[PDB]
There are 4 protein chains.
Amino acid sequence: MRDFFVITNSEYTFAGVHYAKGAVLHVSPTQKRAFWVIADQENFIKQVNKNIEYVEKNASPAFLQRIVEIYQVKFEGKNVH
Amino acid sequence: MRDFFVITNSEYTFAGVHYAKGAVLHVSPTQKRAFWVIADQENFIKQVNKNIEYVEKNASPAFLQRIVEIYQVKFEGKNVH
Amino acid sequence: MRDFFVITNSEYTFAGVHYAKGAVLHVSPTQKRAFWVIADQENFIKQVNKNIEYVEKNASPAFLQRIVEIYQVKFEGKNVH
Amino acid sequence: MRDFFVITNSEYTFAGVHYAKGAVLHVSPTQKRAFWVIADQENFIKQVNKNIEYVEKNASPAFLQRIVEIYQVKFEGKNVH
Ligand code: NA
Ligand code: NA
Ligand code: NA
Ligand code: NA
């Protein structure tokens, strides 16, 4: 599966990672990695991968759990300030 | 190769895994993994990967063996109830 | 890079593998694997990956070496009779 | 993410690798690898991957650092003369 974005529907911890409400998560099934991007990173991604989709803008913990089940993704927090 | 679905043509064990007739298998060549999805998972996949194809709806064990040969996929059963 | 086919331009050994002239090689950069497919496998691939391209139908050893350089692919022979 | 090209905006060392100004870097998120291609390799890539994009033709070190952050890519120099 291509990379995609989701946006958290509320503030929660999923897979040990705290996410604010409205956190944009970049999900990469090929790399088995999802992480919370800052705005500049979100925008960068859309330069290099212009057709990336926001497939769910109200992602609950149950939605993220489906990503774990289907794509075996390891969720992470931010990797920059 | 992109991810794709197949549907089993009959009830059988393939690669040590029991599949009912009509089992929808999500096949991911990139992750070298195929597994039997439940309906809610099948539907989830079509939200995040809207263009996924059902490339064979009468997949026999011989068809799954081609998937092993070409894509080196490890077949699994369900991962939820 | 997506998977693609090449066809050998002559009979040769490349990366320790013998290929007949006209051997169809399935190349998978994501899996770092290329191998010589039999006709039934070639046809199977076109069912599950209908848009796969034959990007070079006169591939010399030098062409395969570019595949090694760019995609780090391990070349193999047939995996069925 | 699909493979893509960038072109360096100036001469610099990034991740321990020297790049001339105007160096074309082939970036493969799936393989977590980017490297400086020679012209013949650049052209080869466009034969096998005809739709590859030059997503940034003035890539600074900060741009390459985003590639590291988002795609976990290991940068390399040339692999041929
Ligand atoms: Na946004
Ligand atoms: Na179905
Ligand atoms: Na042919
Ligand atoms: Na150029």
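How each quantity is defined
Residues numbered from 1 in each chain as written, not as in the entry; some residues may be left out. Chains lettered and ligands numbered in written order. Heavy atoms only, no water. Pairing = 2+ DSSP bridges. Helix = DSSP H or I, 4+ residues; strand = E, 2+ residues; numbered from the N terminus. Axes fitted to C-alpha atoms, helices over the stretch in contact; angles between N-to-C directions. Contact = heavy atoms within 4.5 Å. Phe/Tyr/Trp six-rings, centres within 6.5 Å; stacked < 30°, edge-to-face > 60°. Buried < 20%, exposed > 50% of the residue type's maximum accessible area, 1.4 Å probe, protein only. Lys NZ or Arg CZ within 6 Å of the ring centre and 35° of its normal. Least-squares fit on C-alpha atoms. Patch = residues over 30% accessible without salt bridge, like charges linked within 9 Å, V, L, I, M, F, W, Y side chains within 5 Å. Areas by Shrake-Rupley, 256 points an atom, 1.4 Å probe, with all protein chains shown as cover. Salt bridge = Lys/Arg side-chain N within 4 Å of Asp/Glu carboxyl O. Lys, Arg positive; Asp, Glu negative; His and termini not counted. Charge placed at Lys NZ, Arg CZ, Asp CG, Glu CD. Polar contact = N/O pair within 3.5 Å; in protein donor to acceptor, adjacent residues only side chain to side chain. Buried area = accessible area lost by both parts, 1.4 Å probe. Nonpolar A, V, L, I, M, F, W, Y, C, P; charged D, E, K, R; others polar.

Looking at the entry header, you'll see X-ray crystallography listed as the method and 1.30 Å as the resolution.

Looking at the header, the entry is titled "Structure of the C-terminal domain from a Streptococcus mutans hypothetical".

S.K.: Which residues make up the sheet that holds strand β5 (residues 33-36) of chain C, and what are the values?
M.R.: Spatial ordering of the open sheet is given by β6-β1-β4-β5-β7 (chain C), a layout of five strands whose pairing is mixed. Looking at which strands have only one partner, the edges of the open sheet turn out to be β6 (54-59) and β7 (74-76) of chain C. Between one strand axis and the next, the sheet turns by 20 degrees as a mean value, whatever way the strands run. In this structure, strand β4 (residues 24-28) of chain C lies alongside β5 of chain C, joined through four bridges in antiparallel fashion. Of the residues in β5 of chain C, the one forming a bridge with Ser-28 of chain C is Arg-33 of chain C. Sitting on the sheet, helix α2 (residues 61-71) of chain B is in contact with β4 and β5 of chain C, with an inclination near 120 degrees to β5 of chain C.

S.K.: For the packing of aromatic side chains, give the residues involved together with the corresponding values.
M.R.: Evaluated as defined, the whole model comprises 24 aromatic pairs over all chains. Here the aromatic rings of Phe-14 of chain A and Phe-75 of chain A are separated by 5.2 Å at their centres, their planes lie at 80 degrees, and the arrangement is edge-to-face. Residue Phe-14 of chain A is found in strand β2 (residues 12-14), and its partner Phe-75 of chain A is found in strand β7 (residues 74-76); the two are separated by 61 residues along the sequence. The same class applies to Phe-14 of chain A and to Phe-75 of chain A, which are both buried. The ring of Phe-35 of chain C has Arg-33 of chain C lying over it, and the distance from NZ or CZ to the ring centre is 4.0 Å.

S.K.: Lay out the relation of the copies chain B and chain A with the relevant residues and their values.
M.R.: Mapping chain B onto chain A calls for a rotation angle of 90 degrees and an axial translation of 0.0 Å; the resulting RMSD is 0.0 Å. Both copies of the chain, as the preceding transformation shows, are related through a four-fold rotation axis. Using C-alpha coordinates, one finds that chain B approaches the rotation axis most closely at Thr-30 of chain B, a distance of 4.6 Å. Little of the interface of chain B is mirrored in chain A, where only 11% of its interface residues again form contacts.

S.K.: Residues and numbers for a positive patch on the surface, please.
M.R.: A cluster of basic residues, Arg-2 of chain A, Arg-2 of chain B, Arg-2 of chain C together with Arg-2 of chain D, forms a positive patch at the surface. Mapped onto the elements, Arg-2 of chain A comes out in the segment before β1 (4-8). Under the relative-accessibility criterion, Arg-2 of chain A is labelled partly exposed at 42%.

S.K.: Describe in detail the environment of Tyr-19 of chain A, supporting the description with residues and values.
M.R.: Residues and elements named next belong to chain A. Summarising the element assignment, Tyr-19 is placed in strand β3 (residues 17-19). Along the chain, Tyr-19 and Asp-3 lie 16 residues apart, while their C-alpha atoms are 19 Å from each other. The residues touching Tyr-19, leaving out its near neighbours within four places in the chain, are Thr-8, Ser-10, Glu-11, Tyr-12, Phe-14, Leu-25, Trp-36, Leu-64, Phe-75, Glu-76 and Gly-77. At 2.8 Å, the side chain of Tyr-19 and the backbone oxygen of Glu-76 are in polar contact.

S.K.: So what about the relation of the copies chain D and chain A? Which residues, and what values?
M.R.: The operation relating chain D to chain A is a screw motion whose rotation component is 90 degrees, with 0.0 Å of axial translation and a residual RMSD of 0.0 Å. Both copies present different contact surfaces, since only 12% of the interface residues of chain D are interface residues in chain A too.

S.K.: Describe the interface of chain D and chain A, and please don't skip the residues or the numbers.
M.R.: Each partner contributes residues to the interface: chain D has 16 residues there, and chain A has 18 residues. Overall, the association of chain D and chain A removes approximately 1500 Å² of surface from exposure, summing both partners, and the carbon and sulfur fraction of that is 50%. Considering only the side of chain D, the residues that lose the most area to chain A are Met-1, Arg-66 and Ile-70 of chain D, jointly responsible for 37% of the buried surface there. Joining chain D to chain A, the criterion identifies one salt bridge. Notably, a salt bridge pairs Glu-53 of chain D with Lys-50 of chain A, separated by 2.7 Å at the nearest N-O pair. Seen at the junction of chain D and chain A, the total is 11 residue pairs in polar contact. Sorting elements by how many residues they give to the side of chain D that touches chain A places helix α2 (residues 61-71) of chain D first, with six residues. Residues of the side of chain D that touches chain A, tallied by class, amount to eight nonpolar, two polar and six charged.

S.K.: Describe the pattern of salt bridges, naming the residues involved and giving the relevant values.
M.R.: This structure, assessed with the given rule, holds 16 salt bridges over all chains. The network of salt bridges with shared partners includes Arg-33, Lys-74 and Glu-76 of chain A.

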